[PDB]
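Asks: Fold the following and give me the result.
(chains A, B, C, D, E, F and G, ligands or ions: 4)
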Amino acid sequence: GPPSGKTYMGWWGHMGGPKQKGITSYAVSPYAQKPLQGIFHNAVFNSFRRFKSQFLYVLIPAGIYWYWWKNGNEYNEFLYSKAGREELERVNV
Amino acid sequence: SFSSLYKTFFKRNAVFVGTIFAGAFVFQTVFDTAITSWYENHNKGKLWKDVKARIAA
Amino acid sequence: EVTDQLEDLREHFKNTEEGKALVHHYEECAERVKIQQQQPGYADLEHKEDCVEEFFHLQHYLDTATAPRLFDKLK
Amino acid sequence: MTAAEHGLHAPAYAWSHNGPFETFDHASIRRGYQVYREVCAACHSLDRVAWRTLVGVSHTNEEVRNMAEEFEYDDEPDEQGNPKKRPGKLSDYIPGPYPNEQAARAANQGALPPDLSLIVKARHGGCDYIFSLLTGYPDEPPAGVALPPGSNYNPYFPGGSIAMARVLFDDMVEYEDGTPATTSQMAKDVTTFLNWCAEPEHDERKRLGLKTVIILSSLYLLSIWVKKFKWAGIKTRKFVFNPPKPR
Amino acid sequence: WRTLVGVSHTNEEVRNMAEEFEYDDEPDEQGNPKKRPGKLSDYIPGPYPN
Amino acid sequence: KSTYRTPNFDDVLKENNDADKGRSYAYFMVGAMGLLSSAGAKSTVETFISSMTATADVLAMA
Amino acid sequence: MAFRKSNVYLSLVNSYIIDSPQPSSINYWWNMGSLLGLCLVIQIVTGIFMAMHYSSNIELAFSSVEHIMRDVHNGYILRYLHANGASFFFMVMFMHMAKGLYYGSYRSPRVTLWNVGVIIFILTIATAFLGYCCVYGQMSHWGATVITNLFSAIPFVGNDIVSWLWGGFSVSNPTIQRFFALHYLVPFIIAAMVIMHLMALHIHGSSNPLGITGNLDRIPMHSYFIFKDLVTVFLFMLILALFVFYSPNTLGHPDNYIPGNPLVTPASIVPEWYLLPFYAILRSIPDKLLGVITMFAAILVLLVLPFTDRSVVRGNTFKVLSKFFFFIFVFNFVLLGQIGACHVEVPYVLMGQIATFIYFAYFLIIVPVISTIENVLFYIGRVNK
Ligand SMILES: CCCCCCCCCCCCCCCC(=O)OC[C@H](COP(=O)([O-])OCC[N+](C)(C)C)OC(=O)CCCCCCCCCCCCCCC
Ligand code: HEC
Ligand code: HEM
Ligand code: HEM
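Replies: Numbering: from 1, shown residues only, chains lettered A, B, ... in the order given. Ligands and ions are numbered 1, 2, ... in the order given. Provided below are the atomic coordinates:
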């Protein structure tokens, strides 16, 4: 077939990565292993580690936008009451 | 006694998928009738057969 | 021998400490709007004050007190 | 906007079908059909509900067949050409009380009563809204509001003024089983019947849902196990790097 | 009737020919049905009702 | 560190490396998943081609 | 060699779903594409088995939908699978796009993959709108006529285009037949665009949640990532079965079951919820032609995102400031979708304007500034001169 343009990923055997030497990789068949090894230790401790490291980046913007939405919604519910109709006309024009 | 179980059930794939299909047969039927029996006994007096026997008695 | 259970339950919850206060606010509305309605020049005021704020507060308290008990009272 | 133009939010009642495992009360469906036939049949149409869906839910087959004889239906005409009328069978639809929509507007002061076959599904709140709308008519509107002539007050209707007068009175119907007919009892029965005629798939839907989520959650747990099994050879590989000798 | 103009008759002739037939108009304020003389948008009527 | 000395795996391993016991356990789990998915696939296929049968109005006017 | 590598169709299926070398460290966010393919096949299958009963007139559209709901066998299942799998399709698609613009897979070797994905997003918004206007309820008809009356704001050409698009003078029988033909037709363009998405991916390989090269140690697709996809497929099927069987109407508006009457307006003409942020971007600025062109700029301003990122590290995994501002952008998108559901009222018009400004400034203003700041911070923290 037509040999098209080279990319940054080949196939198995010539993957285009750097040449490596001296990196031994030991593994064990799963039939010799126990699956669910340490699911309660890693369910209590490692999940708390990940939640501890990555919750401020999620909860500070969620806190900002939720407080903005709650303040705006309760201001609108204040304005369309009876104690804000002069403020309703003043905000209109 | 695990070698005999592995030999007669999981050695060749044909008896494996045949066991899976026969278990699917009996499992689907008894699971359907068990879950409908539980669903019709959790609502006692609210079904039409109970209302029909109530207005018939 | 038997009539409505919902009206009995609303009449029962119209005598609590919160319910009497909300009812009293609603009749403060009622006679204030009646006195304001009696006055001359009511054909045009630019703001004819109704009273639905207090009726909505009373009905919301009555319905959030009435919501669990009524279907236990019914058949 | 203002809560008067929003409508007062209906509360959260305790229905006999609220839940993942409960169903309709079919005796309440039968009594609610009686309340629909004696009270709401004067204005409201119910057209997407055939007579045959009522069989095996609220009445028997002989009862539905003897109920469908009371109504005339348009037949295909005879050999001479002029049209004929026939008594209704089970495959026909429940007829409306008005021949068109102009007669429905003329007999109800310009306001068209909506089709009740999808009225608890096409409303915010659902059966809580229908029940609170039926019962929450005050005897006089509060001090200050002004209604047009021919329009009654109801706080749960969004706008304040509905064109439907308070119709559910005490002992308007008498149930054939002995249940005392208050207005709250008739309101609960007729909104359970409206819930049935809006979703008849309730029992079979919750039953198939129980089957499907039991099977799928067991499949989810077994698939989590087989994923950890197939990846046990990859989660626990170890790399050792001693630095190679220079050339 | 609107296909008939510009082909065999003129617009005034087809509008005068369409008045001789009655058609179903939507019912009035009371609800009982009315009849109307035909306009150019309606189809040519058949002689038998069914 | 030598290249013949393996690192420890004694926490991720089991004490009895029986072939038949562990293979039977793994294949019973994958077979249970296959059984539940087989019943589910059968029921959803017969749902999809039970939709294409005679609708209830046609069965009424039969 | 093997028969799965020799035969021409099986070599394609092999090279795509069997031994396609995926990077070794990808987490559960990379399964959203397999989930989107499964849910697209689900939408197409239930749509065909509903279109065998759906009649697309103006007198029979809503009546035929409620005939599917009441009389055909297991038709409630089909309609709730379609109407809820569309919502789940768009939520998994939003997760796919947010993963793509968080992990930096719009970057230098897959910009054509990102552009083809944006084309897919436009096409599925279009066919989702057409499907929502097939059913002909009260939200349906008035949402159709609201955004086509929006589309008629083009100065010289607009009324002619909108009365070509309607097939008449308002939304009626030719518009509904047109919308049924187009709602069938467009997902078979999306199937070809997804084949193009897979080709433009497969020429370069997937990214990893680190930015670094996956080319060192990769993993074949068949015995590992098919089972990760199986885990997330059964979880998605469980959540979809919950939302289909136990609360089917908790997503759609409770006004689409009123039959479409072109006289009364329901006082709240919001569309289905996945079009709510773009509807808020539309209703932000008061003029109309500028509104529709800033809605189109809000859609295809994801194309400036490859050219505007000046970070030399791929992805926001090892960054802090851009993590913070990305989650600011995501919760701003959720707030924008919340604002699109309310009426144009007293804090809502200002909140919509500020929210669409933050939306348009995350791509143009905020990200090259904070990427440049992070590059300079990395350099002056690393080197000691
Ligand atoms: C059609 C597209 C939509 C539908 C798309 C469906 C999903 C895609 C197709 C998946 C079909 C899976 C077929 C698996 C074929 C197979 O090789 O099964 C063997 C497995 C056990 O195989 P094993 O784990 O390698 O063990 C073998 C080793 N021994 C035990 C012999 C020592 O034994 C089992 O797996 C147990 C039987 C489970 C049966 C499969 C359930 C799903 C059936 C779906 C069939 C779909 C194909 C229909 C074609 C007309
Ligand atoms: C006339 C003689 C009526 C009787 C008896 C009942 N209803 Fe009615 N209803 C009627 C009219 C003219 C209207 C239109 C008012 C409007 O502006 O909508 C209605 C309205 C309803 C509604 C709609 C409320 C909504 O929010 O849309 C419902 C749900 C309704 N009606 C139900 C109902 C029930 C359950 C009745 C008896 C058991 C009943 N109505 C009696 C006219 C008449
Ligand atoms: C891109 C994938 C698709 C999406 C996102 C999609 C989305 C939708 C949505 C949201 C609706 C409205 C449902 C409602 O009323 O709430 C709808 C309706 C419909 N869709 Fe689709 N659809 C898709 C593909 C298809 C295809 C390919 C077909 C045709 C084979 C189809 C057939 C229908 C039909 C017949 C309706 C009519 C109303 C109904 O019965 O639900 N859909 N679609
Ligand atoms: C019909 C909808 C879509 C389908 C079926 C689809 C399918 C896929 C699949 C299967 C993958 C590979 C798995 C993965 O990497 O997550 C993928 C990757 C990707 N898709 Fe999509 N996609 C869709 C929509 C989109 C959209 C809307 C975008 C964004 C504009 C997009 C952008 C991407 C990107 C950037 C990647 C590469 C992710 C990476 O390698 O890091 N796709 N898509």
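Asks: going forward, measure contacts between C-alpha atoms and count neighbours the same way
Replies: Noted.
Asks: Would you pull up the residue in chain A closest to chain B?
Replies: Nearest to chain B in chain A, going by Cα to the nearest Cα, is residue A:31, at a distance of 14.4 Å.
Asks: residues contacting the residue of chain B found nearest chain G?
Replies: For chain B and chain G, the shortest gap (Cα to the nearest Cα) falls at residue B:39, measuring 14.7 Å. By Cα atoms under 8 Å, 6 or more residues apart in numbering or on different chains, residue B:39 lies in contact with D:21, D:207.
Asks: Double-check that it belongs to a helix.
Replies: Yes. Counting by DSSP: H, G, I helix; E, B strand; the rest coil, residue B:39 is part of a helix.
Asks: before we move on, back to that, report how many residues lie close to the residue of chain A closest to chain B.
Replies: Using other Cα atoms under 10 Å in any protein chain shown, residue A:31 has 23 other residues around it.
Asks: okay but it is in contact with residue F:24, surely?
Replies: No. Between residue A:31 and residue F:24 there is no contact under Cα atoms under 8 Å: 10.0 Å.
Asks: mind listing the strands in chain D by residue range?
Replies: Secondary structure of chain D, counting by DSSP state E: strands at D:72-74, D:85-87, D:152-153, D:161-162, D:238-241.
Asks: neighbours around the nearest residue to residue D:240 once chain neighbours are set aside, how many?
Replies: Spatially, and ignoring its direct neighbours in sequence, residue D:240 is nearest to residue A:24 (5.2 Å; Cα to Cα, 6 or more residues apart in numbering or on different chains). The tally of other residues near residue A:24 (other Cα under 10 Å) stands at 13.
Asks: Am I right that residue A:24 sits in a strand?
Replies: Yes. Remark: residue A:24 belongs to a strand, assigned using three-state DSSP.
Asks: measure it to residue D:247 for me?
Replies: Separation of residue A:24 from residue D:247 (Cα to Cα, to the nearest Å): 20 Å.
Asks: Over to residue G:196?
Replies: With distances taken as Cα to Cα, residue G:196 is found 47 Å from residue D:247.
Asks: With neighbour numbers in mind, choose between the two.
Replies: Comparing residue G:196 with residue D:247 by neighbour count (other Cα under 10 Å), the higher total belongs to residue G:196, at 16 against 3.
Asks: shouldn't the more buried one be in contact with residue G:116?
Replies: Yes. The pair residue G:196 / residue G:116 is scored as a contact, 7.3 Å apart, by Cα under 8 Å.
Asks: tally of neighbours for residue 71?
Replies: Looking at chain A here, since you left the chain open. Neighbour count of residue A:71, defined by other Cα under 10 Å: 13.
Asks: That was the other one, I meant chain G.
Replies: 17.
Asks: Same question for residue G:329.
Replies: Residue G:329 is flanked by 20 other residues according to other Cα under 10 Å.
Asks: How about the one 10 residues further on?
Replies: The criterion is other Cα under 10 Å. On that basis, residue G:339 has 26 neighbouring residues.
Asks: same check, this time on residue G:262
Replies: Using other Cα under 10 Å, residue G:262 has 13 neighbouring residues.
Asks: does it belong to a helix or a strand, and which?
Replies: In the assignment (DSSP states H and E), residue G:262 maps to no helix and no strand.
Asks: Single out the residue in chain A that lies closest to ligand 1.
Replies: Taking Cα to the nearest ligand atom, ligand 1 has its nearest neighbour within chain A at residue A:31, 12.6 Å off.
Asks: tell me the SS of that residue?
Replies: Assignment for residue A:31 (three-state DSSP): coil.
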